[PDB]
Amino acid sequence: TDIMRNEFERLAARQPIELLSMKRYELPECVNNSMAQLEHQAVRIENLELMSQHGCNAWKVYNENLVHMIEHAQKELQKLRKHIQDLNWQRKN
Amino acid sequence: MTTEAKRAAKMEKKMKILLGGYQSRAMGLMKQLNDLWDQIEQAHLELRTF
Amino acid sequence: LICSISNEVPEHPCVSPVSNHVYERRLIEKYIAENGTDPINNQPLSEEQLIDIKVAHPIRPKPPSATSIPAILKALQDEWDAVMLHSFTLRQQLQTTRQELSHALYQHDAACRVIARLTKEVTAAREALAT
Amino acid sequence: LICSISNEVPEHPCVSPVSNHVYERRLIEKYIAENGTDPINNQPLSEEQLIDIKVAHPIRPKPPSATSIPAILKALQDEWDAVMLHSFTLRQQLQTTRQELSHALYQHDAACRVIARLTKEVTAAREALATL
Amino acid sequence: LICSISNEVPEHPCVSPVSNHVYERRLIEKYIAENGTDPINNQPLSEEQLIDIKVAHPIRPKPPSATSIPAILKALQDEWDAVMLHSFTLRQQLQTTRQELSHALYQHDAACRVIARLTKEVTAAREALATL
Amino acid sequence: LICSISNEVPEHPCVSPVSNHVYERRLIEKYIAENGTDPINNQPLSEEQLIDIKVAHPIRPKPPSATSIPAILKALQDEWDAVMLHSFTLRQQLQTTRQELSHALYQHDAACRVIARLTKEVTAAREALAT
């Protein structure tokens, strides 16, 4: 029960043939693509500066968050095991 | 193009070995989340079933 | 932490007051526009009733080999394939689950009939032993 | 594309820089000349605070095109939201029926044990009455 | 990932539906038990208003990474938003370079006529003097 | 209608109070986060002075076409590749204009030093003429 998105997705799935992507930027009519590669390589060389500026701190800053989100799941797993075990214990008696 | 492409690809490989540990580490953490998210929902089955 | 429609990590989480569950603003607004009620509880809910939340501004590290070409060509294509085949597999599993539910209900009715027959057999055998 | 005083289509859209909501030069200027305050929030506002004729400049304006830059991305976002919204309702029914499947299989084996016991009960009763 | 009141990592997260900022079930419970309000905004709150964190639905999620189409659209939007100011950095500097060029060329055009007049006057005076 | 930073149609515009300019919240936010001033007036401004504007009616969504999405991806790629070249040409021209300005300034500096010798020759001519 979806919008036309559903029709195009099902046609692309039954059809299976994935939609044509951007194969213009990398090859480099060619002058514009070339200047595009120039601006994009400059933007990329700028985007790798702000990564190395902080560096490995930002990765572990989210890795601590990853472990902190991980712990609550096993805590709730323990809760669920305990509740099911108490139920089975009552049924046993 | 080829001058800066060689620059950023070299800039990636400084970070691709830098973050590449955290990449497989975050990939390893996400595999554990997807491992539990089945059994966590498997807990939802065995609750209302029981 | 998550959104309760899209299964995403919301960037602007908003919680409802009739059913307290964090939803993404976009999907919750679209749901309110489709039909004016809560998705989870199906209770009366409007866009004005929702209360936006403030959060840790949570961050994603773009891969080191991030460019307009890899974002445009490979990434979106991988995303669309992971959408299409996953929706297709979920539809197939739904059909299979309906079929298995049908087989289970038939087997349950058969067990009910067999038990009903043994209830008439066993009790009269007991009476005949009492006779 | 409407003035917030007259409700007419503004040809010279100015905004007052206190509670900006685009109006037209004539209505806003006359409202300022009546009393030097903004009609929307009733705050202090003058003629010089108002920002006038549109800003077409270093920009080289592109009338909203079909297939140019960003509408494709907004459309991809609108379609991905739909994909996820449909996945929500699909997975809901999947798991909600899976719960019935589990309960039904459980009760099926449970009631199977009922006949398993009752059959041997009748079986013993048969030899009991037969020997007597 | 943290509790706003204690600043410790909550192992029992409960988000309230008034002024949500993920809080500790144990600490938020006591804050509501002492007085019926939310810790941050001081809005009315009960423990029944609170809800612990749970798995959204049976729609399965995946981690927020670069792969996600939404993160890709946000990244493309940020890239275009940086390129936009990148364009202004050069257009505005061109707007000063062009003004200086107009002024310098006008000074050169105003000076060169007088320089030609000097080139006339020196040789006219020399031909006048040498002739006598 | 057009923010005086990005040229894009502002979806959450805010006005500057030191200088009357309706800009984009995020672009102005990054500009103030780098340096605490106004990009047009260079006047001291902060975040809290900003007055969020409301423009509810103006929003018009682009209904590009029925056109298939596989062509839409190439549309976005073509537009990004074109915007990169429009940004390249807009900087090389500025660098060339600054070079030309300096190259005119050099002659502007030489002309007034030629004028000194011209005036000296004129004084010599009058000094001979009076005699």
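Right above here is the structure, for reference.
Residues numbered from 1 in each chain as written, not as in the entry; some residues may be left out. Chains lettered and ligands numbered in written order. Part of a larger assembly, values for the part shown. Heavy atoms only, no water. Residues with missing side-chain atoms left out of burial classes, pairs and counts.

Student: Please set out the overall build of chain A residue by residue, giving values where relevant.
Tutor: For chain A, the count of helices and strands is four helices and zero strands. Secondary structure of chain A in N-to-C order comes out as α-α-α-α. Against the 2.2 N^0.38 benchmark of 12 Å for 93 residues, chain A shows a C-alpha radius of gyration of 26 Å, more extended than a compact globule. Each principal axis of the C-alpha distribution contributes one length, and for chain A these read about 85 × 45 × 20 Å. (Helix = DSSP H or I, 4+ residues; strand = E, 2+ residues; numbered from the N terminus. Rg over C-alpha atoms; globule rule 2.2 N^0.38 Å.)

Student: Which residues make up the overall build of chain C, and what values go with them?
Tutor: From N to C terminus, chain C includes two helices and three strands. Its helices and strands taken in sequence order, chain C reads β-β-α-β-α from the N to the C terminus. Relative to a compact globule of 131 residues, whose C-alpha radius of gyration would be 14 Å, chain C shows 27 Å and is clearly more extended. Restricting the contact set of chain C to residue pairs at least 6 apart, pairs at least 24 apart contribute 24%. (Contact = heavy atoms within 4.5 Å.)

Student: Now, about the sheet that holds strand 3 (residues 51-52) of chain F: what can you tell me, with residues and values included?
Tutor: Strand pairing within a sheet occurs via backbone hydrogen bonds; the two strands may be parallel or antiparallel. Residue and element names in this part refer to chain F. The sheet built from three strands is open, its strands ordered 2-1-3 with antiparallel pairing. Every interior strand has two partners, whereas the edge strands, strand 2 (21-24) and strand 3, have only one. Note: strand 1 (residues 13-16) against strand 3, two bridges, orientation antiparallel. If you follow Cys 14 over to strand 3, its bridge partner there is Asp 52. (Pairing = 2+ DSSP bridges.)

Student: Explain the interface of chain A and chain F to me, using residue names and the numbers behind them.
Tutor: Every contact between the two is made by seven residues of chain A and, on the other side, seven residues of chain F. Residues of the side of chain A that touches chain F, tallied by class, amount to five nonpolar, one polar and one charged. (Nonpolar A, V, L, I, M, F, W, Y, C, P; charged D, E, K, R; others polar.)

Student: An account of the interface of chain E and chain C is requested, with residue identities and associated values reported.
Tutor: Listed as interface residues are 15 residues of chain E and, on the opposing side, 16 residues of chain C. The residue inventory of the side of chain E that touches chain C, partitioned by class, reads nine nonpolar, four polar and two charged.

Student: How would you summarise the pairing of strand 1 of chain F if you had to cite specific residues and measurements?
Tutor: All names here are of chain F. As paired strands, strand 1 and strand 2 are joined by four bridges and run antiparallel to one another. The residue of strand 2 that forms the bridge with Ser 16 is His 21. Hairpin connection from strand 1 to strand 2: four residues lie between these consecutive antiparallel strands.

Student: Would you mind going over the arrangement of the chains in detail, with residue names and values included?
Tutor: There is no contact between chain B and chain F; across them, the least C-alpha separation is 13 Å. You won't find any contact between chain C and chain F; their C-alpha atoms come no closer than 7 Å.

Student: With reference to specific residues and values, describe the packing of helix 2 (residues 30-47) of chain A against helix 2 (residues 69-130) of chain F.
Tutor: Contact pair helix 2 of chain A / helix 2 of chain F: the axes reach a minimum separation of 7 Å and the direction vectors enclose 80 degrees. Taken together, the axes of helix 2 of chain A and helix 2 of chain F are roughly perpendicular relative to one another. Across the interface between the two elements, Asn 32, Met 35, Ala 36 and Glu 39 of chain A of helix 2 of chain A pack against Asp 81, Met 84, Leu 85 and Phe 88 of chain F of helix 2 of chain F. (Axes fitted to C-alpha atoms, helices over the stretch in contact; angles between N-to-C directions. Parallel < 35°, antiparallel > 145°, perpendicular 65-115°, else oblique.)

Student: Outline the sheet that holds strand 2 (residues 23-24) of chain E, supporting the account with residue identities and numerical values.
Tutor: All names here are of chain E. Pairing within the open sheet is antiparallel, and its three strands lie in the order 2-1-3. With one partner strand each, in any of the chains shown, strand 2 and strand 3 (51-52) form the two edges of the open sheet. Direction of pairing for strand 1 (residues 13-15) relative to strand 2: antiparallel, over a ladder of two bridges. Within strand 2, the position partnered with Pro 13 by the bridge is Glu 24.

Student: Please set out unusual backbone geometry residue by residue, giving values where relevant.
Tutor: Positive phi is not limited to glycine here, since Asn 42 of chain D has a value of about 65 degrees. You can see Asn 42 of chain D is positioned in the loop between helix 1 (25-34) and helix 2 (71-131). Non-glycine residue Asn 7 of chain E carries a positive phi angle of around 80 degrees. Among the structural elements, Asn 7 of chain E can be located in the segment before strand 1.

Student: How would you summarise the packing of helix 2 (residues 68-130) of chain C against helix 2 of chain D if you had to cite specific residues and measurements?
Tutor: Each pair of packed helices can be described by the angle between their axes along with the distance between the axes. Where helix 2 of chain C contacts helix 2 of chain D, the axes come no closer than 9 Å and their chain directions differ by 25 degrees. With respect to their mutual orientation, helix 2 of chain C and helix 2 of chain D come out roughly parallel. Read as a crossing pair, helix 2 of chain C and helix 2 of chain D show a hand that is left-handed. Note on element contacts: helix 2 of chain D touches helix 2 of chain C through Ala 104, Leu 118, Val 122, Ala 125 and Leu 129 of chain D, opposite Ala 104, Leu 118, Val 122, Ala 125, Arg 126, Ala 128 and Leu 129 of chain C. Looking at the contact of helix 2 of chain C with helix 2 of chain D residue by residue, the class counts come to eleven nonpolar, no polar and one charged. (Left-handed = near helix turned anticlockwise from the far one by under 90°.)

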